[PDB]
Amino acid sequence: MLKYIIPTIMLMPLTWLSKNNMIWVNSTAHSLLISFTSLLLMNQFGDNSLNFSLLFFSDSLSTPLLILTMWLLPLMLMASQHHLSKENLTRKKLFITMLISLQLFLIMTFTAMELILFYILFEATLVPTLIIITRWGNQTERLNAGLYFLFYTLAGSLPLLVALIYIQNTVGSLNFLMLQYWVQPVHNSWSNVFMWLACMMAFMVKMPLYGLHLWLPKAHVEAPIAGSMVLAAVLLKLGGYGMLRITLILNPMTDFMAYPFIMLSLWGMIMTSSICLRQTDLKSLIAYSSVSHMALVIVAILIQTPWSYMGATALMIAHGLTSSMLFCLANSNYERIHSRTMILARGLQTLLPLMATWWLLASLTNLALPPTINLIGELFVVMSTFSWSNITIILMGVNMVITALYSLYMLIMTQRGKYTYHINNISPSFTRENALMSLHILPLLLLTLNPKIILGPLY
Amino acid sequence: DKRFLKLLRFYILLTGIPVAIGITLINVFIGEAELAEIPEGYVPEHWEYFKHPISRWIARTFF
Amino acid sequence: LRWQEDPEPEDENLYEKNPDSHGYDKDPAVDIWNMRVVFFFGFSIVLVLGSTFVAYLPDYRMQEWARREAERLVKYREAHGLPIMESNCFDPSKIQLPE
Amino acid sequence: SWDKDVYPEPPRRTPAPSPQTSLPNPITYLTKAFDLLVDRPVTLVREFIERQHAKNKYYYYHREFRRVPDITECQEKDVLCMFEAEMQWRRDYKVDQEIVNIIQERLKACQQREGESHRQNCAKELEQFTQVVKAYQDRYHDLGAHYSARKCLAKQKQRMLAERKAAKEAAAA
Amino acid sequence: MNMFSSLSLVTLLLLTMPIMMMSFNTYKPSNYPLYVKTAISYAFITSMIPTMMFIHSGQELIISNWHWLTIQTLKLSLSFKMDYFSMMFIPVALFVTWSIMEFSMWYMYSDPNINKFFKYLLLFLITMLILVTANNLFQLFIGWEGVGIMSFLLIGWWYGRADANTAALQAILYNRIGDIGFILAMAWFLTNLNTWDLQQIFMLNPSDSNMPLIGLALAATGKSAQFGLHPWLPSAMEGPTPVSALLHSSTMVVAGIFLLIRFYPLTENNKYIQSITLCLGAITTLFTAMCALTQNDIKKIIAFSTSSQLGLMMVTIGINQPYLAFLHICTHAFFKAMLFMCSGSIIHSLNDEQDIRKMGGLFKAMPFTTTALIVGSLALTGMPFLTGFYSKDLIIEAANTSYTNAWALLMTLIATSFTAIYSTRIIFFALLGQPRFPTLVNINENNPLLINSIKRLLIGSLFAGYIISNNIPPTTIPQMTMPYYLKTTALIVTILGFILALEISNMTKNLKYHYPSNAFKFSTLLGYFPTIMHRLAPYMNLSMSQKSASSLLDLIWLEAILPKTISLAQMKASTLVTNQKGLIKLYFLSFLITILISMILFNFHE
Ligand SMILES: CCCCCCCCCCCCCCCCCC(=O)OC[C@H](COP(=O)(O)OCCN)OC(=O)CCCCCCCCCCCCCCCCC
Ligand SMILES: CCCCCCCCCCCCCCCCCC(=O)OC[C@H](COP(=O)(O)OCCN)OC(=O)CCCCCCCCCCCCCCCCC
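So, how was this worked out
Residues numbered from 1 in each chain as written, not as in the entry; some residues may be left out. Chains lettered and ligands numbered in written order. Part of a larger assembly, values for the part shown. Heavy atoms only, no water. Helix = DSSP H or I, 4+ residues; strand = E, 2+ residues; numbered from the N terminus. Buried < 20%, exposed > 50% of the residue type's maximum accessible area, 1.4 Å probe, protein only. Areas by Shrake-Rupley, 256 points an atom, 1.4 Å probe, with all protein chains shown as cover. Expected span 1.5 Å × (residues − 1). Contact = heavy atoms within 4.5 Å. Buried area = accessible area lost by both parts, 1.4 Å probe. Salt bridge = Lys/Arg side-chain N within 4 Å of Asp/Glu carboxyl O. Polar contact = N/O pair within 3.5 Å; in protein donor to acceptor, adjacent residues only side chain to side chain. 1 Å grid on protein atoms, 1.4 Å probe; cavity = no way out; pocket = protein on both sides within 12 Å on 5 of 7 lines; lining within 4 Å. Points joined across faces, edges and corners; volume = space filled by probe spheres on them. Nonpolar A, V, L, I, M, F, W, Y, C, P; charged D, E, K, R; others polar. Near = heavy atom within 4 Å. Pairing = 2+ DSSP bridges. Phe/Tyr/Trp six-rings, centres within 6.5 Å; stacked < 30°, edge-to-face > 60°. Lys NZ or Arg CZ within 6 Å of the ring centre and 35° of its normal. Disulfide = S-S within 2.5 Å.

Caption draft 1: Just the overall build of chain E, in detail. Each helix and strand counted, chain E has 25 helices and two strands in total. Projected onto the principal axes, the alpha-carbon positions of chain E cover approximately 115 × 65 × 60 Å. When each of the 606 residues of chain E is scored for burial, the buried share is 58%. Entry remark: accessible area of chain E is about 25600 Å², with carbon and sulfur atoms responsible for 67%.

Caption draft 2: Molecular detail of helix 20 (residues 431-446) of chain A. Taking 1.5 Å per residue, 16 residues should reach 22 Å; helix 20 of chain A reaches 22 Å between its end C-alpha atoms and fits that length. With respect to burial, helix 20 of chain A is a largely interior element, 13 of its 16 residues being buried.

Caption draft 3: Fine view of the interface of chain E and chain D. Counting from both sides, the interface comprises 25 residues of chain E and, opposite them, 27 residues of chain D. Of the roughly 2200 Å² buried between chain E and chain D on both sides combined, carbon and sulfur atoms contribute 60%. In this structure, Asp197(E) engages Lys108(D) in a salt bridge whose closest nitrogen and oxygen atoms are separated by 3.9 Å. Applying the counting criterion to the chain E and chain D interface returns six residue pairs in polar contact.

Caption draft 4: Layout of empty space enclosed by the protein. Scanning all chains against the criterion turns up 17 cavities of 30 Å³ or more. If you trace the largest cavity, you find 15 residues lining it, with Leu458(A), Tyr459(A), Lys94(D), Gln97(D) and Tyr147(D) closest to the centre. Secondary-structure elements contributing two or more residues to the lining of the largest cavity are helix 3 (63-79) of chain C together with helix 2 (79-114) of chain D. Per-element accounting of the lining of the largest cavity gives the leading share, five residues, to helix 2 of chain D. Classifying every residue of the lining of the largest cavity by side-chain character gives six nonpolar, five polar and four charged. If you add up the space inside the second largest cavity, you get close to 110 Å³. What lines the second largest cavity is simply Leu375(A), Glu378(A), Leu379(A), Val382(A), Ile393(A), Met396(A), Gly397(A), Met400(A), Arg176(E), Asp179(E), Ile180(E) and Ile183(E). Looking at the lining of the second largest cavity, the elements with two or more residues in it are helix 18 (373-388) and helix 19 (392-415) of chain A together with helix 6 (162-193) of chain E. Counted by class, the lining of the second largest cavity contains eight nonpolar, one polar and three charged residues.

Caption draft 5: Highlighting the site of ligand 1. In the region of ligand 1, 13 residues are neighbours, and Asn144(A), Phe151(A), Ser567(E), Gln570(E) and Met571(E) sit closest. Neighbouring residues of ligand 1 are not confined to a single chain but are spread across chains A and E. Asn144(A) is positioned such that a nitrogen or oxygen atom in its side chain is 3.4 Å from an oxygen atom of ligand 1. For ligand 1, whose accessible area on its own is 1200 Å², the fraction buried by protein is 47%. Within the residue set of the shell around ligand 1, elements represented by two or more residues are helix 7 (142-171) of chain A together with helix 24 (529-578) of chain E. No other element matches helix 7 of chain A, which puts seven residues into the shell around ligand 1. Looking at the shell around ligand 1, its residues break down into nine nonpolar, four polar and no charged.

Caption draft 6: Just the interface of chain A and chain E, in detail. Contacts between the two partners involve 54 residues from chain A, matched on the other side by 49 residues from chain E. Buried surface at the junction of chain A and chain E, summed over both partners, amounts to about 4500 Å²; 74% is from carbon and sulfur atoms. Considering only the surface of chain A that becomes buried against chain E, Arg278(A), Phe386(A) and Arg416(A) emerge as the three largest contributors, covering 13% of it. In this structure, the connection of chain A to chain E is made through one salt bridge. For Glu559(E), the salt bridge goes to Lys218(A), with nearest N and O atoms at 3.3 Å. Scanning the region where chain A abuts chain E turns up eleven residue pairs in polar contact. Among the secondary structure elements, those contributing two or more residues to the side of chain A that touches chain E are helix 7, helix 13 (259-277), helix 15 (306-337), helix 16 (348-351), helix 17 (353-366), helix 18 and helix 19 of chain A. The element best represented in the side of chain A that touches chain E is helix 19 of chain A, accounting for ten residues.

Caption draft 7: Quick peek at the pattern of salt bridges. In total, this model carries 28 salt bridges over all chains according to the counting rule given. The salt bridge involving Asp5(D) is made with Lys75(C); its shortest N-O contact spans 3.1 Å. Of the two residues, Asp5(D) sits in the segment before helix 1 (26-55) while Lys75(C) sits in helix 3, which places them in two different chains. The structure contains a network of salt bridges with shared partners spanning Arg67(C), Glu98(D), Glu105(D) and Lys75(E).

Caption draft 8: View of the site of ligand 2. Residue and element names in this part refer to chain A. Around ligand 2 sit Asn188, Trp190, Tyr210, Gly211, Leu212, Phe256, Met257, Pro260 and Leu264, and that is every residue in its neighbourhood. The fraction of the free accessible surface of ligand 2 (1100 Å²) that becomes covered by protein chains is 45%. Looking at the shell around ligand 2, the elements that each hand over two or more residues are helix 12 (254-257) and helix 13. In terms of residue class, the shell around ligand 2 is built from seven nonpolar, two polar and no charged.

Caption draft 9: Main features of the pairing of strand 2 (residues 74-82) of chain E. Residue and element names in this part refer to chain E. Burial of strand 2 is extensive: seven of the nine residues sit out of reach of the surface. Where strand 1 (residues 61-71) meets strand 2, nine bridges bridge the pair, whose relative direction is antiparallel. Looking at the pairing, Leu69 lines up with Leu76 of strand 2. Here strand 1 hands over to strand 2 after two residues, with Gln72 in that stretch at a positive phi of 55°.

Caption draft 10: View of the packing of aromatic side chains. This model, assessed by the stated rule, comprises 73 aromatic pairs over all chains. Ring geometry for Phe189(E) versus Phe263(E): centroids 5.6 Å apart, planes at 15°, classification stacked. Placement of the pair is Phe189(E) in helix 6 and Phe263(E) in the loop between helix 11 (255-262) and helix 12 (264-267), with a sequence separation of 74 residues. With a centroid separation of 5.4 Å and 35° between ring planes, the pair formed by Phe602(E) and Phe604(E) is classed as tilted. A connected cluster of aromatic rings, assembled from ring pairs, spans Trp358(A), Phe4(B), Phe10(B), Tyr11(B), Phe39(C) and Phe43(C). The ring of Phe122(A) has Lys206(A) lying over it, and the distance from NZ or CZ to the ring centre is 3.7 Å. Positioned above the aromatic ring of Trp98(E) is the side chain of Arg456(E), whose terminal nitrogen or guanidinium carbon lies 3.8 Å from the ring centre.

Caption draft 11: Fine view of helix 17 (residues 367-381) of chain E. Look at helix 17 of chain E: 21 Å from first C-alpha to last across 15 residues, which is about the 21 Å you get at 1.5 Å a residue. Positioned one or two residues after helix 17 of chain E, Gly382(E) has a phi angle of 85°, which is positive.

Caption draft 12: Fine view of the state of the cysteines. With the rule as written, the count across this model stands at one disulfide over all chains. Between the sulfur atoms of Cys110(D) and its disulfide mate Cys122(D) the distance is 2.0 Å. A torsion of -105° about the S-S bond marks the disulfide between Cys110(D) and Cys122(D) as left-handed. One end of the pair, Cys110(D), is in helix 2; the other, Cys122(D), is in the loop between helix 3 (118-121) and helix 4 (123-140), with twelve residues separating them in the sequence. For the pair shown, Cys110(D) and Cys122(D) are each scored as buried. Of all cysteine sulfurs, the one in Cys276(A) lies closest to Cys328(A), which takes part in no disulfide; the gap is 18 Å. Here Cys328(A) falls in the buried class, since its relative accessible area comes to 3%.

Below is the structure:
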């Protein structure tokens with residue numbers, strides 16, 4: 001994995017040693033080249049994973065997440081260079097450096113072959129994430145948002161450390177390949193109940209699970225645009241990726257320990273879908289839409305069928321591009337009217353024709369339209385959950401209705417109707433903005449032609 | 001809006017047209033491999049198990 | 001007036017000083033170059049050459065191989081009056097049941 | 001191109017034309033227009049391509065996998081033996097998925113071919129489909145997402161124990 | 001095989017090329033609507049060659065050209081089913097679509113975005129052919145949702161109008177409630193039969209099909225606007241008339257019916273399902289025809305007419321006559337599409353006036369729109385030997401002679417009587433009598449685009465039923481023996497309707513003061529279902545979203561029970577620790593306490 005790690009490190013000196021006015025051009029150009037090389041991770045086999053060394057490996061679950069991770073960096077540099085244009089030069093470079101340091105930790109986190117190495121890099125993602133929110137955030141609440149974000153993660157992820165270390169002293173190893181052959185069934189005792197919760201609470205909080213999600217509306221609304229993209233596209237998938245791996249050593253206790261978390265997810269997604277109907281803040285609605293989509297991933301991972309695991313992998317990749325695109329579309333408005341209230345600027349399709357097309361496409365992939373990978377992932381979970389219990393079709397069906405309601409309520413409220421009379425600074429869309437939307441949607445639609453590369457190791 | 005869409009289709013076609021011409025010229029003039037039995041005592045290269053010339057160029061060079 | 005504070009600066013319009021602006025930079029020359037690296041490496045390279053790379057991945061995860069092997073096995077077993085598939089994955093001769 | 005034994009189909013039985021009308025048949029003349037305007041130039045262009053392909057012939061092979069000892073012979077926690085046995089089981093599991101897919105294709109093809117006579121003329125294909133689904137279900141069903149050779153074996157040994165207990169209790173009967 | 005399959009696929013490919021010529025820009029905008037219309041006409045010609053081969057020799061086939069995805073033992077492929085139902089519907093839909101595109105080149109002329117109008121119409125047609133030719137449920141779902149979205153974009157065409165946006169979103173809600181049933185069928189079929197492909201579903205032929213079928217029945221209810229999920233169809237008249245003539249009359253709305261027909265090998269062996277679809281149709285056909293009697297907007301009468309008709313194809317499905325239901329889809333497409341086009345020629349000539357109370361006097365002013373309106377109304381009511389008579393009267397003869405719910409049979413007959421009333425309601429109020437429209441008369445229908453498009457559908461509204469009826473192969477045993485009073489019951493209630501309607505209409509010209517009744521208000525207000533359900537249901541759901549889900553739970557109790565209480569405790573504990581008095585005397589006095597406790601309570605000295 002050094003062939004990606006070393007280049008990602010070289011982005012830092014490149015940024016710092018660039019001419020003052022070429023910091024964005026140089027970092028964008030070279031982060032795109034790194035993303036091109038990451039398609040070499042597709043060398044997957046039907047039986048074995050791609051095991052590079054004692055430290056790193058890459059199977060079909062981590063490969064799409066890595067490609068998605070390295071694709072978002074150039075898009076984040078595109079999304080950020082406008083509102084940082086007046087920032088002084090040395091803070092522009094520290095911002096790029098925080099984004100790069102995040103990508104370095106992420107790619108190592110998704111390929112770490114050992115669970116303690118995965119853990120250290122999994123909490124290492126907090127530090128750059130927090131600094132971006134609380135330094136370059138834009139409102140007084142960014143300071144409180146950073147605290148909730150920080151102390152929800154650590155409250156759950158310190159018990160995980162005690163659990164992981166206990167496992168290594170019991171099994172003798174935490175290498176994921178080794179754990180596949182040395183795993184032993186988890187007997188049902190009170191001491192194993194808390195081993196299950198310790199192994200899982202750190203990941204539920206990050207998905208996030210309903211109930212412990214309160215940090216996400218804060219963090220995803222107060223972050224600068226680059227922070228919200230990486231928060232929604234990737235960081236919520238560390239919890240899913242962590243769960244998809246650590247459940248290997250939790251059976252058969254997951255059979256009954258999953259019930260309280262399946263109920264929270266199934267009912268929770270209906271609650272968060274309804275919340276989106278009465279949101280006054282555009283960025284906050286898009287934040288709550290992630291909580292509803294990630295509840296499907298939690299249900300998928302916990303029922304543990306081959307179909308749900310394929311669906312969970314497709315949703316995580318599909319949600320990453322869709323939610324990231326919705327944050328950028330909303331930020332394109334914010335940068336004109338300097339507000340986040342949904343009702344403030346209306347009828348924007350009259351003033352920004354092409355940008356309305358981007359809104360339509362992002363809304364259509366969000367409410368899961370066939371054959372987009374957003375539907376494919378969602379359908380596979382709905383299929384596998386119906387087998388788990390036929391009554392689940394009721395709550396999965398009802399959620400499908402509400403998702404269509406708030407996806408088009410968002411589209412109708414902002415883009416349609418009569419324009420706001422007194423807002424007269426809606427300048428035409430910039431080439432930078434149009435290219436930023438098409439670099440989300442175009443790969444998303446292309447993945448429909450060859451979905452097999454985003455369906456995971458159960459494919 | 002028009003300018004962006006114009007640039008979008010210029011840069012997509014900038015490599016799309018050569019690649020479509022190149023793929024077409026490979027298929028017409030090189031064509032796909034033929035399935036065959038492994039001759040006795042012969043050990044195929046790992047990239048000799050794939051049908052399309054571009055597929056086995058990828059396997060040979062990168063993978 | 002309360003502590004000395006800069007008044008909030010009036011927001012700038014990139015189309016005012018450069019009606020050809022792409023929205024990348026205030027410098028017209030850098031503005032153009034930044035658009036070209038994004039459009040070239042973004043669309044012409046990663047998306048187009050990456051799409052072709054994915055289309056011709058050498059038998060991704062052995063799906064094509066397994067189909068050829070299933071044809072080979074189904075042909076053999078049916079020409080020999082054997083069942084196509086067996087309930088037992090492992091030979092019962094090598095399994096010692098408890099008791 | 002493909003093997004007729006794996007993907008069998010009966011022989012075609014096309015009735016002979018037997019008109020009893022004076023009007024010309026529109027389909028007959030369109031078919032000859034198609035064989036001239038379409039099929040003919042298409043066949044010409046394909047032949048040119050084939051000529052270029054016969055000039056440069058190269059081959060690819062079907063990979064053969066040596067049999068290795070399976071999970072049952074692997075000593076507990078000997079990862080080197082378990083690794084090879086597991087990679088083999090994961091290949092046979094994928095090969096068995098395609099076998100079921102082959103049998104399903106036969107069933108679907110038979111149903112369409114027989115039309116309104118399908119419920120009686122596809123009784124053999126249905127019989128084959130029922131069995132291979134029964135075979136595949138015993139090996140692989142209810143294993144979960146983290147399926148392995150070890151869990152497959154544990155499932156079989158539970159099933160073998162059930163049959164054995166079932167057999168003896170009927171010996172007295 | 002080679003001619004049948006090549007021409008059947010090109011028809012689909014031929015329609016997508018105008019969409020793909022919109023890719024590279026400015027190919028020519030001045031010609032685009034004509035280009036999109038000319039392509040539909042050539043697709044009609046090529047689609048007729050396979051339909052002739054099927055008529056001649058019964059040739060049917062399935063094309064699984066492309067393998068898309070294989071999830072373990074479920075191989076999904078792009079598979080097209082070129083069979084009876086698709087060889088007859090495809091040419092019918094292309095003929096009607098050809099007229100509505102020629103009619104739109106005149107009706108939408110002044111529109112600044114006529115190009116996007118024609119792209120959208122062609123996108124719908126592409127998604128409607130995918131639905132029809134689909135061979136597996138996944139591919140059928142793509143078309144199912146595809147028509148649902150192009151319906152949303154065309155209803156809300158005038159996006160600055162609030163009523164258009166509300167109506168467009170209303171259609172999506174009702175169709176997504178129906179889609180719950182579609183997913184339930186897909187989940188059941190995958191779980192129980194291990195397939196989404198229609199060959200396999202019929203080959204296995206489950207006898208326990210109550211759950212999958214009620215799901216398919218639930219999908220049909222929303223897509224075809226049967227009672228319960230019916231209000232979206234009349235509301236969907238907000239869109240331009242060509243949208244209504246095509247989607248919400250002729251083609252898109254019969255997708256719910258067309259789905260049940262595809263699954264007739266399952267519904268025919270399930271008596272419990274036939275009872276539901278029988279009753280569901282009968283209430284739909286009578287309740288909606290009743291609502292049509294008191295409507296005054298010309299587009300809403302035709303919309304409730306469409307609801308009434310779709311509720312009769314559901315009755316046909318309920319009595320185990322799927323093929324008669326299919327024949328009614330094809331015939332109904334001809335005259336119903338013509339009625340919208342005629343009603344759109346009247347609305348155009350009176351400057352967007354849609355109320356029949358400002359019409360009248362147009363019998364001679366618009367002679368050709370008059371003829372097509374009369375032909376269309378006669379075909380709708382089933383007058384003998386018009387295109388409507390070749391499917392409806394068989395349906396009423398097959399419903400009379402069946403072992404059927406007695407109430408459904410009566411409701412079906414009463415609704416057939418109301419059909420002759422609200423057809424007279426249009427000819428009488430729109431054409432006869434004296435003019436009631438403004439004084440500046442701008443009536444003029446002499447456009448060649450308007451006449452030719454109506455002219456083709458008019459011909460179809462006369463002879464299409466006869467030509468189709470006598471060319472398709474028999475698939476059932478028609479019932480031709482029955483009492484004199486069952487053979488003619490369809491014709492007789494239609495006559496009683498005309499007579500009764502004519503008398504009631506002429507009662508409007510007597511100088512007697514009106515006196516509203518409850519029945520009138522109930523019919524005018526659409527049974528109050530929209531007024532109650534489109535106020536109460538959103539109010540409850542939107543209230544709970546803010547009061548309970550958002551405010552009470554997320555902003556309060558979920559904050560209180562963890563971050564707020566945990567934070568509050570640590571603050572209080574901090575003040576107890578730090579609030580000290582800095583006195584040597586008190587600090588050392590605590591050391592003594594600690595030392596004594598260590599020896600007495602805890603015995604740390606042992
Ligand atoms: C395994 C399950 C895991 C999943 C469940 C997760 C549960 C959620 C846990 C999240 C942690 C609690 C939320 C903390 C949010 C940050 C605190 C905050 O924002 O409140 C502000 C409050 C006001 O004080 P202050 O900010 O200093 O005033 C500044 C004035 N401008 O600040 C304060 O008043 C001081 C707050 C200090 C407390 C910080 C949190 C420490 C958490 C560790 C508690 C350890 C308790 C040990 C005690 C044991 C003995 C009883
Ligand atoms: C909103 C806050 C967000 C954060 C969420 C925090 C959640 C923490 C969850 C901790 C508790 C997890 C449950 C563990 C309790 C111990 C379970 C136990 O000992 O019994 C296990 C038992 C095993 O025996 P078995 O044969 O499988 O079946 C018998 C059925 N009793 O089998 C079982 O009993 C299985 C069922 C036991 C669990 C019962 C579930 C309660 C009902 C669902 C409530 C949903 C969640 C409630 C959240 C309230 C929030 C305040």
